[PDB]
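Note sheet for the following structure.
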Amino acid sequence: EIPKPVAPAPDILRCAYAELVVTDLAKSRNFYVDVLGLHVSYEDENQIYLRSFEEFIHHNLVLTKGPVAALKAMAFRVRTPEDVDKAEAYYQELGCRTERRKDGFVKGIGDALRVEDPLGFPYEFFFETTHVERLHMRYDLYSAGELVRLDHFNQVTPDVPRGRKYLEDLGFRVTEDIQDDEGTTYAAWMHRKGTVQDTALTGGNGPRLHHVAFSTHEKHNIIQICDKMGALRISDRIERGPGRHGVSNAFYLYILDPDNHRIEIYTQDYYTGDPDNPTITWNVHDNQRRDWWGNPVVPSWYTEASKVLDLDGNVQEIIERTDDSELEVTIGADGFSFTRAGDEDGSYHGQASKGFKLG
Amino acid sequence: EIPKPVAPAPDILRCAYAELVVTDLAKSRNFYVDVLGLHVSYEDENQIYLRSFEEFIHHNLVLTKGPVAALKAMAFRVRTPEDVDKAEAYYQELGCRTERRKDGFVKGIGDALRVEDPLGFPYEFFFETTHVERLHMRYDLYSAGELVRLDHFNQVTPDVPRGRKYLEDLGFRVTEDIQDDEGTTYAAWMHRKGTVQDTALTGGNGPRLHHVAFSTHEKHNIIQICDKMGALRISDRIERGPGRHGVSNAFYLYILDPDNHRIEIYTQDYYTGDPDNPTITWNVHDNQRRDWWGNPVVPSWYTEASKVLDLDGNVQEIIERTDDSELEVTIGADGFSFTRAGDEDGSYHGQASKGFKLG
Amino acid sequence: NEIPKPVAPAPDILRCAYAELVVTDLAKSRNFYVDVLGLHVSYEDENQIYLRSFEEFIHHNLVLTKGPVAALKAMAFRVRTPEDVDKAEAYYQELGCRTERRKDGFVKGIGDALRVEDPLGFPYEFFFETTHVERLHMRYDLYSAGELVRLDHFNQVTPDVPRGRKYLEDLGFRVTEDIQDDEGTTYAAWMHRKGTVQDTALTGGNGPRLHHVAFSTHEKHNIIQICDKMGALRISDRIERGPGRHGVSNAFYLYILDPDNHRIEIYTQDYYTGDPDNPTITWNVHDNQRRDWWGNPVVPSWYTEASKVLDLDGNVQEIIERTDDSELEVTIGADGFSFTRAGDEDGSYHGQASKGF
Amino acid sequence: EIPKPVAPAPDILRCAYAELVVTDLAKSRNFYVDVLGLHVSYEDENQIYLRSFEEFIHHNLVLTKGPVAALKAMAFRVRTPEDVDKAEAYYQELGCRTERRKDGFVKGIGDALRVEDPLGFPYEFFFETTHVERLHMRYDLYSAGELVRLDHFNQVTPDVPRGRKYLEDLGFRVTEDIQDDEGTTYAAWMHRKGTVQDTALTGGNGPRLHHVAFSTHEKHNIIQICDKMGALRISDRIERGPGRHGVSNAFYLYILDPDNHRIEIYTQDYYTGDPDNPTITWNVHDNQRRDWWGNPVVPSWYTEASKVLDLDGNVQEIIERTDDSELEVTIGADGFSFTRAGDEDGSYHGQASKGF
Ligand SMILES: O=C(O)Cc1ccc(O)c(O)c1
Ligand SMILES: [Cl-]
Ligand SMILES: [Cl-]
Ligand SMILES: [Cl-]
Ligand SMILES: [Fe+2]
Ligand SMILES: [Fe+2]
Ligand SMILES: [Fe+2]
Ligand SMILES: [Fe+2]
């Protein structure tokens, strides 16, 4: 178990941006800008800085050219400059490596702390950031698939309860989780800002980055992204969806960028800002938990995820999950799922829902 | 091959209603009225007569209690009373069994002709029908999932070109089809009213009824039907979708009623009323032809369909397809499909798209 | 002064197909129709721009032609066969109308075509032949948040609606809806060939003038987006009326004004009319939900302003003043009234418009 | 000018519920339940307790039968039970009348503090509330017009700067406001939860309640409310909209309940939770500020608002605004508004936009 520090946790506002290493910067630009419509705050021959339609901080996404595609940092904004100091003392007390840069790691961020966190993830904490034009009423720019906010990160980690306790100490409250009746936790969702999630843990070998999620205003905006990817004849880069989640109640889609980094598009989850917000626990065998309509979860969604880097820029070594696998217990050869608890009718044994089996 | 009669074809306006035999009238009522929100025009202990939100003819769907669930009639409205006489002479010249009732077969229809058509389907032709309150502005009744129109039927038949030619003689024009490079036809769509289809042919053992389709105004209406089925914990009755079609360009969903009759929900196809409306032919191996986003077609969609009755109410015998199977050539162990024609990247061999094989 | 039915058979008309609008500044008009509204270019040069909607396969739905005086130059209907163009010629000749036949068309991408000065003074075109183009209906890589997907209809201002209505009925248009009063005045009527509420429509007033051209969207949010865009471009003064729900037609709608004040309607989700006994809906002129279903007031400019039309020489047609009662005056003028519920003074408006104006 | 207390402000989470006095409980039930589809948490012969689709606290709206239709309490939830203590100390230091009930003023709320605030409004602060079934996935109940959350209140008050400074001391941050070039403020919007507003101040004679606002998921849900009210032949109870706001960027509608209490339906404003969220100031003469599409604001929107009660249940006396009137300076006989700043084309003199 990760001890609760004596030092006070930084006051975290929200997820703010990710830095992703990409191998071909031009190909990645074509995906994020030409296909998805994100707005360029800055670019040069090595990096592209991108923001969503309603953002006023400098960026929500930094694409950095490098030899090995990976998550370089997942960044959280904190409430005050002094919270960056608090972060540094907190992670030092945890025994983690930290690096402080008074003028930032990436353009448009000021004083910043990066840490190798206890789960092996590269977190950044910052307050200072260069404000840019907020494009929230620039309907002359608005795309039929417009990405309006950054919503969350999702992390793959082998021991979910261990990670959960550490994030709870850091001030994230769990909104929903998936468990079974044998004491195993498969996933958890946790928040600072008043939505379902700012980050989330998915059980599996890690550290790896499962996805970054962006919001739209409406469900039809997500449908348009699918439609556009069909017209561009890149429907093979639609991994999963579109769907309605059980967990979060959001409408959703998962797509894959040119380095296989997974992006979720997401809308219309609910308010979580009250401190006694009810925590929802789903059973891992409930076939409406991930897709509410019962559509099967593709196996790649469980097995594939991005590398993450350490502070030197080297890939973090992967630690194998020993807890039960969600894939195996639901859609694998000895798996089980139900539509109605206690009913054999609409249940699935050793295969996925809707007439499919594992490839 | 079905010869063209000398007698003129009746002038067909549109598909108008289907009569489905159901085994448990109360459970069927719960599905069509309580789940899907169709409007009752008449009911008694034997039958429920239902209509869509914008309809002014007496009904779009008759549910008739019977021992064996089946299609009893697919009815098309003709332009004038005299067109019922034309239909009778047309089908007599084809050598088909016909039955004429001056006062109709079901309530709210007058002079009507039922036929066992050359493909073994029970067709009705009628002009006269009792008008009802057109509910198109009754927003006090409007559901989040409102079904606004009857759109089309879809028929399973073993020899698609033979059926196509017969329907062309009857004045239906082909809008889209699915073929391979070796001259096999797997499916055809054809219309009288100015939309993609009034009926459609799916290659398979037949005669069987594949589906009846209803329209909504908007895509979110279809999403709501899925969401409601999740809330009612009957997501196992969502067969396939929601999706975007390639063929037709319509947003879609397939669900299964209590007797396994398949219902499609459908919106936003295109205008076909010009006589040189361009036909569109898709290759059977194009993985965007049925779901534009490349989501896999569930095998039940290819194999399962409803029995049809003859004019005495007995089940029509099935005649096996000998042309190639769309299921087998796309998703079976020897099948394949592509995302981009000629590209191995995004192609699937011996399994379906997105990482599944057949259950 | 009835327009007598010809003995010659009517051409078989499929639908409204395109309008040719004369515009005074081509570049400004191009800005509006292409950059603001997102219509697709089928051809352009220094004198004309040819534009189509997202789902169209014929060459165009709108031609913008540079000229000295902004006006409707032609409203074009597609007919079912080449022989229908001959039928149109014989029909209008019997009506005593001026006609002009060009075997190779009046505009690019149309072939054999007849233009006529019709009995109501409007320049109608009938054609079959048209160059097919790429149908963009699945080009979601081009699709705009405000995408205009079909041409839907025209609306014509004319002084005597019954006279025009019977003429259009003889030509095969069927009336789907109208607005009347108890004293027997007709204020407006809507009529169709294709299976929607309208291909053209008559608005009572001084005419001939073109009231608007209407394009469809897929969904209501597409119309909202057009409004939002116009706010961002700081041209919200060119939003004339709406967005709303129509009473007549039940469609979601918006009216906007191009740089020459040609009015364009955006329209979605009316109903099917293809059955020959489609029930005809009559509204009372004093029903305040007949035009906007939510009872929002109709601005006076909607009733009084409309585009000039040209004769076949390119000269503006002289205007004939309506003598029948004016819808504006009987509903929102000094002696007008409307109601929310018939016979109920609560929610009625007298000598003014709804909502407090 | 209202002084900043030495005592710490309570930590306010969000607007949580309003108590409205209504004169005919059955007619108000028909409006809020049958027309608008709100969910009944509890009802008896004197009160109806209603909640939105996604709520888990006991209610968002209490309709209380009484002789004079009015706002009885606007309630905000606080982070902890101790924040109710802090609220009491805070308001006592301001010299405000307070009343504290350990078992609540209405069903489903526990220990609660009501105050007559410095602007004459009845505020409630509470933490404890009875949790109920959160209906957020009950799509078997979901209406085409579904109201999914309580969003905000809007208060009419004569001196906006005075009220603004007080709410800021209380921890509300201003997100947007409307001013002119003569130094007058006409309105301000301010928040605790990460949306544009939890309450808002509209310059005018006050204290009065301008509206209570509920959210939908999508714009079509707001359109459906309009369509339904047309079908019910109660379109005369649509006051203004639907529209897109300038201020807030939300899609909106204003309708009137049986006692003329104004309800806004609202969707798709933006995130404000960062402490340096940029404040946006509109000019009062900008004809896109309230309706982005330039549609005219009906005079009744500026002049009509609900009475509010004091802690004894008596109507609060109204104090006259002496600052310039938004109505008069934009749409009155000497009013002015513009589409484009500095452009005479698309400007309006002595009248409202669009031709009225
Ligand atoms: O004015 C109204 O609102 C009625 C009406 C209905 C349909 C239309 O297309 C139109 O232009 C006008
Ligand atoms: Cl999921
Ligand atoms: Cl299909
Ligand atoms: Cl406003
Ligand atoms: Fe996620
Ligand atoms: Fe179909
Ligand atoms: Fe129109
Ligand atoms: Fe408001």
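Chains as they are written, first to last, in full-length UniProt numbering: chain A, 4 to 362; chain B, 4 to 362; chain C, 3 to 359; chain D, 4 to 359. Yeah, the Cβ is synthetic: ideal placement off N, Cα and C, and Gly gets one too.
Within the same chain, Cβ atoms closer than 7 Å to the Cβ of residue 324 (chain B) are found at 161, 206, 207, 208, the five residues on either side in sequence being excluded. With a 10 Å radius around the Cβ and a threshold of 16 neighbouring Cβ atoms, residue 235 (chain D) comes out exposed. Under the three-state reduction of DSSP output, residue 233 (chain D) falls in the helix class. Shown here, residue 245 (chain D) sits in a strand according to DSSP, grouped into three states. Here the alpha carbon of residue 133 (chain C) sits roughly 29 Å from the alpha carbon of residue 317 (chain C). The nearest non-hydrogen atom of ligand 2 is less than 7 Å from the C-beta of residue 293 (chain A).
Per DSSP, the beta bridge partners of residue 285 (chain D) are D:181. Between residue 128 (chain A) and chain D, the shortest Cβ-Cβ separation is not below 8 Å.
Put simply, the backbone Cα of residue 254 (chain C) is about 28 Å away from that of residue 75 (chain C). For residue 104 (chain B), the enclosing beta strand (DSSP E) covers residues 101-104. For the UniProt domain "VOC" (152-271) of chain A, the set of positions with a beta-carbon nearer than 7 Å to some beta-carbon of chain D reads 152, 196, 197, 220, 221, 252, 271 in chain order. Residue contact check for residue 106 (chain A) against chain C: no CB pair falls below 8 Å. Residues of chain C whose Cβ lies closer than 8 Å to the Cβ of residue 302 (chain D) are, in chain order, 358. Taking a beta-carbon distance threshold of 8 Å, residue 355 (chain D) counts as an interface residue toward chain C. Against chain B, the beta carbon of residue 274 (chain C) has neighbours under 7 Å at 57, 152, listed in chain order.
Residue 250 (chain D) has its CB nearer than 7 Å to a heavy atom of ligand 4. Pairing residue 247 (chain B) with residue 294 (chain B) gives a Cβ-Cβ distance under 8 Å. In the three-state reduction of the DSSP assignment, residue 321 (chain A) falls in the coil class, being assigned neither a helical nor a strand state. In its chain, beyond the 5 residues on either side, 10 have a beta carbon closer than 6 Å to the beta carbon of residue 92 (chain D). In the three-state reduction of the DSSP assignment, residue 82 (chain A) falls in the coil class, being assigned neither a helical nor a strand state. Bridge pairing for residue 267 (chain D): D:216, D:257 [DSSP].
Sorted by position in the chain, C:157, C:216, C:267 make up the residues whose C-beta lies under 5 Å from a heavy atom of ligand 7. Within the UniProt domain "VOC" (17-131) of chain C, the complete beta strand (DSSP E) runs of at least 3 residues fall at 42-46, 50-54, 64-68, 73-81, 101-104, 115-119, 125-129. If you look at residue 192 (chain C), you'll find it in the beta strand (DSSP E) that goes 188-194. Inclusion of residue 150 (chain D) and residue 309 (chain D) in the CB contact set at 8 Å is not warranted, their separation being larger than that value.
The beta strand (DSSP E) runs of length 3 or more contained entirely in the region 297-358 of chain C do not exist; there are none.
Checking the 7 Å criterion, the Cβ of residue 155 (chain D) is within range of a heavy atom belonging to ligand 8. Residue 283 (chain B) places its beta carbon less than 8 Å from that of residue 179 (chain B). In the structure shown, residue 143 (chain A) falls within a coil segment according to DSSP collapsed to helix, strand and coil. For residue 349 (chain C), the nearest CB of chain D lies under 8 Å from its own CB, placing it at the interface with that chain. For residue 172 (chain A), the enclosing alpha helix (DSSP H) covers residues 163-172. Residue 5 (chain B) places its beta carbon 8 Å or farther from that of residue 116 (chain B). For residue 54 (chain A), the CB contacts under 6 Å within the same chain, skipping 5 residues up- and downstream, are 42, 44, 62, 63 in chain order. Bounds of the beta strand (DSSP E) holding residue 159 (chain A) are 152-160. Chain order gives no chain D residues near residue 77 (chain A), where near means a beta carbon separation below 8 Å; the closest approach is about 18 Å.
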